[PDB]
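Below is one structure, written out as structure tokens; the observations come after it.
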Amino acid sequence: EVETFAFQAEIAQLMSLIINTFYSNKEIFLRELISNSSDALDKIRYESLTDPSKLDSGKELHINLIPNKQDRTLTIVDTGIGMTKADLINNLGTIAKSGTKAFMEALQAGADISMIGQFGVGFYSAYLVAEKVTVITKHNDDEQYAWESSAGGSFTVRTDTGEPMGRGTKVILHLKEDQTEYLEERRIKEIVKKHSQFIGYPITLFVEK
Ligand SMILES: N=c1nc2c3c(NCCO)cc(F)cc3nc(Cc3ccc4c(c3)OCO4)n2[nH]1
């Protein structure tokens, strides 16, 4: 059963701005997604400090980057706290609305698209490089869900019956035809070294077969 939802007007506007604005410094999407992973990992780590059983769904706290040339996807996987259905339907939309308003105001005051992450909407930088984004997520005491959107004003959510992930978030970027540079080992290594050198969790860049 697949449910389709409308983005709030302000979030659709943000996505169209990201998709339509001429802006060459697209590589920052990776910094933003890795930063999101670090935050999700910090959250589960903090919870585990007072309740060790929070890690029953997996003790390892890390990030995997997985390029796949055949599927034309770059996947960012973390074992962080994950997301509830309420996150995907209501919570992150409430945060995105106020964050978008502030991001828009900053852009008018001379800020640039790379500063998106400072407004709690860095996730949407994925649309700088991806035609479709699929997110698989699992939070303790909630079911595994797949969220998906190719923008255009709507997203879907379904309960995911594919491979179980234990706990965390997996962002699958279906890359635009002209953005396949972010599948090259040398390029990903460069971007990670440049923007994500002090992340407090292992980042493993998988090699392609
Ligand atoms: N403003 C954001 N929106 C998302 C976000 C998202 N938004 C569309 C929901 O209908 C879908 C998704 F699959 C992952 C996301 N992942 C993130 C990153 C994030 C940030 C804070 C969080 C979070 C995830 O989960 C709990 O608190 N965001 N941030």
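Chain labels A, B, ... are given in the sequence in which chains occur in the structure tokens; within each chain residues are numbered consecutively from 1, and ligands are likewise numbered from 1 in the order shown.
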Contacts to ligand 1 at 6 Å cut-off (only C-alpha atoms and all ligand atoms) as a PyMOL selection string
chain A and resi 36+83+88-89+92-93+95-96+120-121+123+135+147
Name the residues in contact with region 172-175 of chain A at a cut-off of 12 Å, using only C-alpha atoms, excluding same-chain residues fewer than 5 positions from it; report them as a VMD selection string.
chain A and resid 29 to 30 33 64 to 78 123 to 137 146 to 150 180 to 183
Where in region 29-188 of chain A does DSSP assign alpha helix (DSSP H), given as a PyMOL selection string?
chain A and resi 29-50+85-86+92-108+185-188
Residue contacts of region 190-195 of chain A (9 Å, only C-alpha atoms) excluding same-chain residues fewer than 5 positions away, as an MDAnalysis selection string:
chainID A and resid 27:28 30:31 34 185 203
Region 42-144 of chain A: residues DSSP assigns to strand (DSSP E), reported as an NGL selection string:
:A and (63-68 or 73-78 or 130-138)
For the residues in that selection, give me N, CA and C atoms as a PDB file, in the first residue's frame.
```pdb
ATOM      1  N   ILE A  63      28.941   5.033   8.803  1.00  0.00           N
ATOM      2  CA  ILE A  63      28.399   5.545   7.553  1.00  0.00           C
ATOM      3  C   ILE A  63      29.066   4.803   6.399  1.00  0.00           C
ATOM      4  N   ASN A  64      28.259   4.341   5.444  1.00  0.00           N
ATOM      5  CA  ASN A  64      28.749   3.719   4.218  1.00  0.00           C
ATOM      6  C   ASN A  64      28.329   4.553   3.030  1.00  0.00           C
ATOM      7  N   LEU A  65      29.249   4.741   2.093  1.00  0.00           N
ATOM      8  CA  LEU A  65      28.937   5.419   0.838  1.00  0.00           C
ATOM      9  C   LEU A  65      29.046   4.390  -0.284  1.00  0.00           C
ATOM     10  N   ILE A  66      27.969   4.208  -1.044  1.00  0.00           N
ATOM     11  CA  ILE A  66      27.901   3.087  -1.999  1.00  0.00           C
ATOM     12  C   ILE A  66      27.490   3.564  -3.389  1.00  0.00           C
ATOM     13  N   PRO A  67      28.474   3.672  -4.313  1.00  0.00           N
ATOM     14  CA  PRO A  67      28.210   4.025  -5.702  1.00  0.00           C
ATOM     15  C   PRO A  67      27.845   2.789  -6.509  1.00  0.00           C
ATOM     16  N   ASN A  68      26.906   2.946  -7.428  1.00  0.00           N
ATOM     17  CA  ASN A  68      26.526   1.859  -8.318  1.00  0.00           C
ATOM     18  C   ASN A  68      26.244   2.407  -9.708  1.00  0.00           C
ATOM     19  N   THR A  73      23.116   5.013  -9.048  1.00  0.00           N
ATOM     20  CA  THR A  73      22.740   5.499  -7.718  1.00  0.00           C
ATOM     21  C   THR A  73      23.977   5.698  -6.854  1.00  0.00           C
ATOM     22  N   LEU A  74      23.929   6.725  -6.007  1.00  0.00           N
ATOM     23  CA  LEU A  74      24.852   6.847  -4.884  1.00  0.00           C
ATOM     24  C   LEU A  74      24.017   6.700  -3.603  1.00  0.00           C
ATOM     25  N   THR A  75      24.381   5.740  -2.767  1.00  0.00           N
ATOM     26  CA  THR A  75      23.630   5.480  -1.545  1.00  0.00           C
ATOM     27  C   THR A  75      24.453   5.905  -0.342  1.00  0.00           C
ATOM     28  N   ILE A  76      23.834   6.686   0.549  1.00  0.00           N
ATOM     29  CA  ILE A  76      24.444   7.053   1.820  1.00  0.00           C
ATOM     30  C   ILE A  76      23.697   6.321   2.932  1.00  0.00           C
ATOM     31  N   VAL A  77      24.383   5.390   3.601  1.00  0.00           N
ATOM     32  CA  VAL A  77      23.765   4.573   4.642  1.00  0.00           C
ATOM     33  C   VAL A  77      24.366   4.882   6.003  1.00  0.00           C
ATOM     34  N   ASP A  78      23.517   5.086   7.003  1.00  0.00           N
ATOM     35  CA  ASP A  78      24.012   5.220   8.370  1.00  0.00           C
ATOM     36  C   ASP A  78      23.208   4.336   9.317  1.00  0.00           C
ATOM     37  N   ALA A 130      20.202  14.694  -7.816  1.00  0.00           N
ATOM     38  CA  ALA A 130      19.340  13.519  -8.013  1.00  0.00           C
ATOM     39  C   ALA A 130      18.000  13.876  -8.632  1.00  0.00           C
ATOM     40  N   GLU A 131      17.584  13.089  -9.626  1.00  0.00           N
ATOM     41  CA  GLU A 131      16.248  13.232 -10.235  1.00  0.00           C
ATOM     42  C   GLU A 131      15.166  12.600  -9.335  1.00  0.00           C
ATOM     43  N   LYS A 132      15.555  11.577  -8.571  1.00  0.00           N
ATOM     44  CA  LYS A 132      14.668  10.915  -7.616  1.00  0.00           C
ATOM     45  C   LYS A 132      15.452  10.572  -6.361  1.00  0.00           C
ATOM     46  N   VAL A 133      14.829  10.758  -5.203  1.00  0.00           N
ATOM     47  CA  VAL A 133      15.448  10.355  -3.933  1.00  0.00           C
ATOM     48  C   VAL A 133      14.537   9.345  -3.250  1.00  0.00           C
ATOM     49  N   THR A 134      15.109   8.196  -2.893  1.00  0.00           N
ATOM     50  CA  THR A 134      14.406   7.188  -2.115  1.00  0.00           C
ATOM     51  C   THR A 134      15.094   7.050  -0.772  1.00  0.00           C
ATOM     52  N   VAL A 135      14.326   7.063   0.309  1.00  0.00           N
ATOM     53  CA  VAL A 135      14.911   6.909   1.642  1.00  0.00           C
ATOM     54  C   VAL A 135      14.289   5.700   2.342  1.00  0.00           C
ATOM     55  N   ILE A 136      15.141   4.769   2.769  1.00  0.00           N
ATOM     56  CA  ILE A 136      14.705   3.618   3.549  1.00  0.00           C
ATOM     57  C   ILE A 136      15.128   3.924   4.968  1.00  0.00           C
ATOM     58  N   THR A 137      14.203   3.793   5.919  1.00  0.00           N
ATOM     59  CA  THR A 137      14.503   4.153   7.302  1.00  0.00           C
ATOM     60  C   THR A 137      13.836   3.218   8.322  1.00  0.00           C
ATOM     61  N   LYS A 138      14.517   3.031   9.444  1.00  0.00           N
ATOM     62  CA  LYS A 138      14.011   2.183  10.518  1.00  0.00           C
ATOM     63  C   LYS A 138      14.418   2.784  11.854  1.00  0.00           C
TER      64      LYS A 138
END
```
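For the residues A:19, A:157, A:81, A:104, ranking by smallest atom-to-atom distance to residue 48 (chain A) using only C-alpha atoms places A:81 first.
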Which residue gives the smallest distance to residue 85 (chain A) among A:23, A:170, A:160, A:14, with only C-alpha atoms counted?
A:160
Quick one: residues within 7 Å of residue 166 (chain A), only C-alpha atoms, excluding same-chain residues fewer than 2 positions away - as number ranges by chain?
A: 57-58, 138, 164
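Closest approach to residue 163 (chain A) among A:176, A:184, A:144, A:196 is made by A:144 (distances from only C-alpha atoms).
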Tell me, in Å to one decimal, how far CA of residue 16 (chain A) is from CA of residue 35 (chain A).
22.8 Å
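Closest to residue 11 (chain A) among A:187, A:54, A:101, A:45 is A:101, based on only C-alpha atoms.
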